[PDB]
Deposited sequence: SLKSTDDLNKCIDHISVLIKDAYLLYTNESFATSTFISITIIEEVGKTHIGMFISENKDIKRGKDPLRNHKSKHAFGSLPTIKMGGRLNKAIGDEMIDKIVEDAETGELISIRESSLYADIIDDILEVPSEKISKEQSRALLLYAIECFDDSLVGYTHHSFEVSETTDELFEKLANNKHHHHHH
């Protein structure tokens, strides 16, 4: 992102994905919701590295999850899912277990030789946590630097409080 025009385009894009994850989350597609939630976290992460057949596509994807800003204590996210959940999502982002979770949230697989289906590997509690983390690391990284960002964050904030309580 090189201009305030590009920052506002990226904010609109991610605002669309948040509303899409929230829409699925309420219609009880926890699995699909979680797929979008982790995809939001990636995109936010990509802004921090600084740029579908790229030769380094999985190094950019790995680094995107590594360069997420630490969430400060005593914020709305620490009240909504608690400090141990946050550390489990962060450890999963720096390991790349988030990439596995994302894969298991959309594609059936045969693992051992049992068939495993997203519907049974992603729980409501993990769908809600990842969407709230997604909102909060978007609000921390991109919101506040433009006037546009405030109208977008007013709606993003309502989703956050609906979902947190």
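| message | Missing CA coverage against the deposited sequence, listed in sequence order. | response | Those parts of the chain that were deposited but carry no coordinates are 1, 53-62, 177-184.
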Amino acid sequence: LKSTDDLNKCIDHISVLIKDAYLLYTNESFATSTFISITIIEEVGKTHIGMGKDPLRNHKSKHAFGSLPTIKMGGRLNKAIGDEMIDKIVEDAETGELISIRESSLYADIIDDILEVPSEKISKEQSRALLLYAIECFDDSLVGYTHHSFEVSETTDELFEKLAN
From here on, numbers count along this sequence of modelled residues.
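Quick check: 37-45 versus 57-65, which has the larger average CA B-factor in the record? Mean B over CA atoms: larger for 57-65.
Exercise. Mean C-alpha B factor from the entry: is it higher for 131-139 or for 115-123?
Worked result: Higher mean C-alpha B-factor in the PDB entry: 115-123.
Third of chain Cα B-factors occupied by residue 98 = It belongs to the middle third of the chain when residues are ordered by C-alpha B-factor.
Can you tell me whether residue 108 has a C-alpha B-factor in the lowest, middle or highest third compared with the other modelled residues of the same chain? Tercile = middle for this residue's CA B-factor.
TODO: Using the B-factor values recorded in the entry, state whether the Cα atom of residue 165 falls in the lowest, middle or highest third among the modelled residues of its chain.
DONE: Its C-alpha B-factor belongs to the highest third of this chain's values.
**OP:** Sorting the chain's modelled residues by C-alpha B-factor, tell me whether residue 153 ends up in the lowest, middle or highest third.
**Re:** For residue 153, whose C-alpha B-factor we compare with every modelled residue in the chain, the answer is the highest third.
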